[PDB]
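Listed in order, the protein sequences are those of chains L and Y. Residues in the first sequence are numbered from 144 upward in steps of one, following our numbering. Residues in the second sequence are numbered from 144 upward in steps of one, following our numbering. Heads up, the beta-carbon is just placed ideally off N, CA and C, and yes, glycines get one too. What follows is a single structure, written as structure tokens, with notes after it.
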Amino acid sequence: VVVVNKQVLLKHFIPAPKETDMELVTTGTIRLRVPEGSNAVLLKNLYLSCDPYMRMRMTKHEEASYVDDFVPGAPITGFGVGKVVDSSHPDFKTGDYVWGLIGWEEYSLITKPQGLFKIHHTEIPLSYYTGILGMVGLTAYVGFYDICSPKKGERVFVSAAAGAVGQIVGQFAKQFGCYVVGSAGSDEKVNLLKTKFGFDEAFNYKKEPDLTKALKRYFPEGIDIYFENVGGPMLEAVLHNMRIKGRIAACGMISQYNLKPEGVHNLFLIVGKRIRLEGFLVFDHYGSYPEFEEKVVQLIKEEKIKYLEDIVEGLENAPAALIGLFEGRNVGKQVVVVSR
Amino acid sequence: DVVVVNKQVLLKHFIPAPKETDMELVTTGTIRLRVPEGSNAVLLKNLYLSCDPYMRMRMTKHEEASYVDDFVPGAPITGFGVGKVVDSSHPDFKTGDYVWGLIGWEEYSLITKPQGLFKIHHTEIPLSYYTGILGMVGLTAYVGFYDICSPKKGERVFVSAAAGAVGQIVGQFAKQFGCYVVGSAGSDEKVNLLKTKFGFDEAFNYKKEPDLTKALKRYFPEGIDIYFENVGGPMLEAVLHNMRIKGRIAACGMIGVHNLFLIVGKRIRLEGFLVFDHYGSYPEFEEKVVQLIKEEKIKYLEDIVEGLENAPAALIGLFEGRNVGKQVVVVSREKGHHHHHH
Ligand SMILES: NC(=O)c1ccc[n+]([C@@H]2O[C@H](COP(=O)([O-])OP(=O)(O)OC[C@H]3O[C@@H](n4cnc5c(N)ncnc54)[C@H](OP(=O)(O)O)[C@@H]3O)[C@@H](O)[C@H]2O)c1
Ligand SMILES: NC(=O)c1ccc[n+]([C@@H]2O[C@H](COP(=O)([O-])OP(=O)(O)OC[C@H]3O[C@@H](n4cnc5c(N)ncnc54)[C@H](OP(=O)(O)O)[C@@H]3O)[C@@H](O)[C@H]2O)c1
């Protein structure tokens, strides 16, 4: 059996990204069997994740950064969920479902199957393994329980709080016993934070004249913990409102990914307030996954965590949905359905 | 219960840099040489004063509270210093003991909260050292490096404002721990001292380097594990660019930053600290550092100025970089003074 395999390719390096910086192609095929003699796994790709860090990979870097750049002319890759068609690797059998880095394509031959995780709970919707039970959820789990060193009762702020990482941090934090406030870019998202996601309070950053004062309002006694997804002047504001011994988990600074650079002027406050500002990367924490899968599956089962996906249908729509990320167009975790 | 003259330096008023005229020596004041009846207080004859850069901030009025209370116009300047106990109604302090802690810019200070005085346990060390290397500055170095920097033998360490009081000590601590240590300073005379007196593996003049990012690449081909941060600003940008995965930045002081996102990719811990939170560490620190001095395994240069009347100048001087070493003011020599100097 040789079948058609559509692909989305990076046309070329970027210096914001445009939908034209990628190209769907239909003039390609794959054999539905793993090469003889390999330790490899062939996946039918079911779901894709759009993640902001994918932007960086579309630019060429002289010195090595944290992930390999994309190769022009080759498919885009990123997190996704797949079904095992064929396998010459012992830990994976035909009919198993998995998640991990795969190609923006209908079918991927995974030469390094050590970096695929087997899906242990079929009871759960498979798309969850793009986000809440995939990379994004684990990011939240590490960022909050580990980097933020939280303590019950502490005052927690979360930027980009309706996003995939944000919405999870908030719920983790409320269930730990913290006061949790979120910021987002639309009243629809703010509504979701207060009504679906259980946030003690939230507000629209686009519709607040002074971020520093806005935060003073929700944190009269200042902020103990800032889960940082956005960066820029929102960080300055937070710094102004941080409490002695406050902690900032630097998850991302998405405001800067396509800009060029914006400056932070408050940093000296980190001294007077004895703040720990610490970045982290989820790739370093895959060891914590098994415990995390169990915690979060139970949380879902018990209806004690909520999760909103933004779903887009068809591989052809993946470039748009990725670009859309950066303009706030996603309402929840951006997933692309390749086949169901 | 004699009454004597007590000269004082007062803050005339709040400042919006400071001038010598923003302070005033006065001779009118007097003091009883006995702690009030019923108090648990300690009366000091003030021997030495420290000039420290953070004093500048206290000369400005702050609407919102910052880390230490502002100075009060009309009241003496206060800061770290060394004193001899004249009288005490507090059990842990006796007449003739020497101590350091916050005292007044004056000949005599009545200390109402003596829990924040540290006893001097080695009176054979020059007492002036307890302004700086064995006082607040040294401890700042001790905690900043051994604690906040979480160092490990062999790691590549950078220190800004390295010829300063804190910097100079961080560097030596770091060398003796087994680290490669490079310093930055603002004059070739200071760079010379870092390499020849202070034991730094390398150093350079930041004023005479066009690109700090490249400058640092040069001394750290494999990047920086640890940055002891005294300066801030673009020097921080540069460092961040040369930091290694899992690198650590101890924010001691700073005197816009655009590359903060790097903290994520490189998994950096940037952590501020304040020495007031670490007084518990003093006793162990005193022992380590005294031995280090006794064994001639740490070096230290003081800039000494004589007389209370010169303190304002020396503090201003500090802020314009004019001090060569830790800036001390001699208010009065302990009876029986016999330490040589230069
Ligand atoms: N291991 C890691 O370090 C790790 C792992 C995963 C994610 N991340 C980081 O986490 C952040 C969010 O991840 P996610 O997958 O959950 O993304 P997401 O929040 O689901 O999508 C991006 C969101 O960011 C907000 N946004 C976009 N541009 C913005 C701007 N210029 N200013 C303010 N807000 C903006 C938008 O919400 P608004 O409507 O609120 O504007 C948008 O919904 C990103 O910074 C990403 O790099 C890091
Ligand atoms: N607990 C704490 O967190 C704590 C405690 C004590 C001190 N500190 C801080 O540590 C820093 C200095 O402490 P210190 O006692 O050692 O003071 P100091 O270094 O004796 O005085 C500051 C020195 O920094 C250098 N400098 C000034 N502007 C600079 C710039 N723009 N770039 C680079 N270097 C510059 C000057 O010499 P060169 O320009 O020639 O290098 C100057 O002598 C200050 O920020 C101070 O507040 C913090």
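Straight across, the Cα-Cα distance linking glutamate 267 (chain Y) with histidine 480 (chain Y) is about 11 Å. Residue state for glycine 375 (chain Y) is assigned as coil, using DSSP reduced to three classes. Counting only Cβ-Cβ distances below 9 Å, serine 208 (chain L) has contacts in chain Y at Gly408, in chain order. For the pair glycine 274 (chain L) and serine 192 (chain L), the CB atoms are nearer than the 8 Å cut-off. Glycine 307 (chain Y) is bridged by DSSP to nothing; it lacks a bridge partner. With respect to chain L, the C-beta atom of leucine 282 (chain Y) has no partner C-beta closer than 8 Å. Among the CB atoms of chain Y, one or more fall inside 8 Å of the CB of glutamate 421 (chain L). A straight-line Cα-Cα distance of about 9 Å links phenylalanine 157 (chain Y) and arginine 201 (chain Y).
Chain-order list of chain L residues neighbouring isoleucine 411 (chain Y): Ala393, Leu420, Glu421 and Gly422, by C-beta distance under 9 Å.
In the structure shown, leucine 175 (chain L) adopts coil according to DSSP, grouped into three states.
From the listed residues L:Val373, L:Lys350 and L:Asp229, the smallest Cα separation to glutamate 331 (chain L) is found for L:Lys350.
Between the C-alpha atoms of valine 324 (chain Y) and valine 302 (chain Y) there is a straight-line separation of about 8 Å. Taking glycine 321 (chain Y) as the centre and dropping the five residues before and after it, the same chain places the C-beta of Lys296 and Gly297 closer than 7 Å to its C-beta, in chain order. Distances from the CA of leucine 444 (chain Y) to each of Y:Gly310, Y:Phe371, Y:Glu372 and Y:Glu249 were compared; the closest alpha carbon is that of Y:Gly310. By the neighbour-count definition (other C-beta atoms within 10 Å, threshold 16), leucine 152 (chain L) is a buried residue.
With contacts defined as CB atoms closer than 8 Å, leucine 176 (chain Y) and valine 229 (chain Y) qualify as a contacting pair. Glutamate 438 (chain Y) and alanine 393 (chain Y) have their C-alpha atoms roughly 28 Å apart. Remark: the C-beta of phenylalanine 341 (chain Y) is outside contact range of ligand 2, defined as less than 7 Å to any heavy atom. By the rule that beta-carbons nearer than 8 Å mark a contact, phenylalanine 235 (chain L) does not touch chain Y.
Counting only runs of 4 or more residues that sit fully inside the region 150-222 of chain Y, the alpha helix (DSSP H) segments are 198-201, in chain order. Using a CB distance cut-off of 8 Å, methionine 278 (chain L) does not count as an interface residue toward chain Y. Annotation for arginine 386 (chain L): the continuous beta strand (DSSP E) segment containing it runs 385-393. The criterion of a C-beta distance shorter than 8 Å is satisfied by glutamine 314 (chain L) and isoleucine 448 (chain L).
Interface residue (Cβ-Cβ distance to chain Y less than 8 Å): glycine 406 (chain L) is classified as such. Going by C-alpha positions, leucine 461 (chain Y) is about 33 Å away from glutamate 405 (chain L). The beta carbon of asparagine 409 (chain L) sits closer than 7 Å to the beta carbons of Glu379, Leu382 and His383 from its chain, once the five residues preceding and following it are set aside; these are given in chain order.
For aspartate 165 (chain Y), the nearest beta carbon of chain L is not closer than 8 Å to its own beta carbon. At a C-beta separation below 7 Å, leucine 410 (chain L) has these neighbours in chain Y: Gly375, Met397 and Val400. For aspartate 331 (chain Y), the enclosing alpha helix (DSSP H) starts and ends at 331-339. Going by DSSP, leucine 424 (chain L) is part of no alpha helix (DSSP H) at all; its letter is neither H nor E. Residue contact with chain L for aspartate 212 (chain Y): absent (no Cβ-Cβ distance below 8 Å to any residue of chain L). For the set L:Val279, L:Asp239, L:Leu252 and L:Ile245, the Cα lying nearest the Cα of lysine 261 (chain L) is the one of L:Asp239.
Taking all protein chains in view, the Cβ of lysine 203 (chain L) is surrounded by fewer than 16 other Cβ atoms within 10 Å, so the residue is classified as exposed.
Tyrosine 251 (chain Y) sits in a strand when the DSSP states are folded into three classes.
In its chain, beyond the 5 residues on either side, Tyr209 have a beta carbon closer than 7 Å to the beta carbon of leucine 424 (chain L). In this structure, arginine 390 (chain L) places its C-beta atom within 8 Å of the C-beta atom of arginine 419 (chain L).
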